[PDB]
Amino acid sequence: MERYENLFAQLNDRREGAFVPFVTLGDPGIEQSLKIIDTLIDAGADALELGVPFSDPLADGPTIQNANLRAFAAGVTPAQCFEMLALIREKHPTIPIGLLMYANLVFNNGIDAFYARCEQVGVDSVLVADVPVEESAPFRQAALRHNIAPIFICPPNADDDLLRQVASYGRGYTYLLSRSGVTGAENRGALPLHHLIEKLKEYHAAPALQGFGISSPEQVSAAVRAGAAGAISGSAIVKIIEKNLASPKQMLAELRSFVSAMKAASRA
């Protein structure tokens, strides 16, 4: 499919950026996770980034570490995550769905088989957090064979070679890292990224989404103003889950208002 391509074309026409929430699949349970995801979409999410619970998520800070743990406490497995993805795609035919994976979960039962399963359930992209460009060949090849966009990271410390590679190899979107470090709302990115955004555009890279540390509407606007095609927010969203575990109703209300506000910031 072309879900990202269609989204960004539509967004460009409305002169707006994308707001893309992250959550962990099955946090804090399967049923509540599914409801959470419906709420994110109803509140205006342009795409989803969805994490599969992994034992050792080394690119994630405590908030998302704890999301993983909650999912595991509910007994969530990769197989159940694929069941969920099928249910999400069944309700929402057009929304781009990207997975956040760690390598071992993709490699575990065969790389090709993993991407084949993604295609079957209607996933649009896969980002493998601990696979740099240098190791990406079998992952990106398998992705493309199964019509999945391989998501590459453009870090703030990217040289020209890396920009060219990420521009060539990637599809769907380019992930523009706010900062060094791990996921978390407590650390906001301090570097201006305008130079990287322009270079990506020159090399015809997939449109850029900025992620890491995005927790406020202002940062969403700033990414778009800086020339990025939108922004991803994970820890900020997951914090609302964590805060409201005991009140599922107030959880959804707070997620709705937050996503609404974040999305509105992408409109200018």
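Don't overthink the numbering: it's just position in the shown sequence, from 1.
Coordinates for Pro156 are present in every one of the other compared entries of this protein that model residues on both sides of it, well short of the third needed to count it as often missing. For the cut-off of one third of the other compared entries, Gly181 qualifies: that many or more give it no coordinates while modelling its flanks. In this entry, 179-187 has the higher mean Cα B-factor, the comparison being between 99-107 and 179-187.
Note on 37-45 vs 54-62: mean CA B-factor is higher in 37-45. Annotation for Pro78: C-alpha temperature factor in the lowest third relative to the rest of the modelled chain, per the entry. In this PDB entry, the Cα temperature factor of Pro132 sits in the bottom third of its chain's modelled residues, the lowest group. Placement of the Cα temperature factor of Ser125 within the chain: lowest third of the modelled residues, per the deposited record. When the modelled residues of the chain are ordered by C-alpha B-factor, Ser221 sits in the highest third. Annotation for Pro150: CA B-factor lies in the lowest third of the chain's modelled residues.
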